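Q: give me the fold of what follows.
(chains A and B)
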Amino acid sequence: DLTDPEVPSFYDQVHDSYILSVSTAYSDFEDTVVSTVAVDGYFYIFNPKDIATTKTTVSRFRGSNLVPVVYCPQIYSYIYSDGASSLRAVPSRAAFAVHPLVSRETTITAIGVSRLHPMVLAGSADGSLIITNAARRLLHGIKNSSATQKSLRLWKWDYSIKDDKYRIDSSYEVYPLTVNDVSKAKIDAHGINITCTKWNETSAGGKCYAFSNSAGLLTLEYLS
DNA sequence: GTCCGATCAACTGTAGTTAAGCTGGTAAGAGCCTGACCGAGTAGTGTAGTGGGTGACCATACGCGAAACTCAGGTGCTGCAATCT
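A: Numbers count the residues shown, from 1 in each chain, chains lettered A, B, ... in the order given. Coordinates below:
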C-alpha cells in the first residue's frame, strides 16, 4: 500500500525461485488478475483476493534469464516470450488458448504494446525489430492461421568485428507464421541486442515508438 | 746409569776316547698304494606362500541412429447462404 508502506497487505510464496516479471490484466468486466513468470519457468495467473483458491498455470518454459511479459488491453490478452524464441498470446480467462504470434531465430528480449491499438512490437537479440497485429490472431478463426497472420521487420541492427560499425538496415522483410516451428538460439554481437521497446500511448503520439540496443543507440520513429 | 774387580769358564799350552765298514745272512726303521669309514662340503633341491599380471566378462558412458507418440497440418465434400442473373 503506497499510503501505508510499513507492512504489505499479504506475503505469500508463489514460485520456487526469482520472479522475473509480474503483469496486471485489468478489465471493466472481470477481476484484476495478475500473471507471474520466474526462473523455475512456470507462468501463473492468479487473483490477489485469494492466491491459494485461484492460482492457474498457462505453461512451463525452459528456465530463461530474461522473459518479457506485457498486457495488450485492447484484446484482454497477455503477450509473452516463451523464454526461447516465440511470441505467444494468452487470454486471461482461457489459459489453455495459447496462440503463437511470431517465430524468431534468436530470443525475444523486449516486447511493447499500447492502450490505444493492438500493435505489438518485439525485439530479438539478433538486433531485429518486428511489428505484428495481435488482434488479427485473437479475434478470428483458427483454420487458416498459418497463412492469414504475418509480421514485418521494421529495422535490423548489425555489427562487424573488424570494421566496428553499427549498421542499421532500413529494409523491410515479411515473415509468415511458422506454427510448428523449432526454438532457435543464434549467438550475436553483444551491443546489438534490443533492451527495451515501447509505443507512446497518447492520441497525438500514438504512432510514435522508441527502441534501444545495448550499446546505447536509442532510436525513435513516427509511423507516417 | 755406572763404577770396582771378583770370578765361571773363554780361549789358551798337550794326553788319551769315538766312528766307518769289512764276510755274512738277517730283522730292524722308514715306507708305499689300494682299499675301507666316517665327517664334512658342494650345492641344487622340496614343499609352501606372497605377490602380480593376463584374461574374460560386464555395464557404464556418450553419440548416432531408429522407431515411438503427441499435437496440429491438410484434404474434400456440401449445408447453407449470397452474388450475379
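
Q: C-alpha only now, for contacts and for neighbours.
A: OK.

Q: quick check: the residue of chain A nearest DNA strand B.
A: Per C-alpha to the nearest atom of the strand, the residue of chain A with the smallest distance to DNA strand B is residue A:179, at 4.8 Å.

Q: that residue is in contact with residue A:146, isn't it?
A: Yes: assessed by C-alpha atoms under 8 Å, residue A:179 is found in contact with residue A:146 at 6.3 Å.

Q: list the contacts of the residue of chain A closest to DNA strand B.
A: The neighbours of residue A:179, taking C-alpha atoms under 8 Å, 6 or more residues apart in numbering as the test, are A:100, A:146.

Q: wait, doesn't residue A:198 sit right on residue A:209?
A: Yes: if you go by C-alpha under 8 Å, residue A:198 and residue A:209 touch, sitting 5.7 Å apart.

Q: name the nearest residue to residue A:134, ignoring sequence neighbours.
A: Of all residues not flanking residue A:134 in the chain, residue A:118 sits nearest, at 5.9 Å (C-alpha to C-alpha, 6 or more residues apart in numbering).

Q: would you agree the one you found is in contact with residue A:72?
A: Yes: if you go by C-alpha under 8 Å, residue A:118 and residue A:72 touch, sitting 6.6 Å apart.

Q: quick one, which of these two is more surrounded?
A: The neighbour comparison of residue A:118 against residue A:72 (other C-alpha atoms under 10 Å) goes to residue A:72, with 24 against 17.

Q: do you know how far the more buried one is from residue A:135?
A: From residue A:72 across to residue A:135, the span is 9 Å (C-alpha to C-alpha, to the nearest Å).

Q: tell me, what's touching those two both at once?
A: Joint contacts of residue A:72 and residue A:135 (C-alpha under 8 Å, 6+ apart) are residue A:118.
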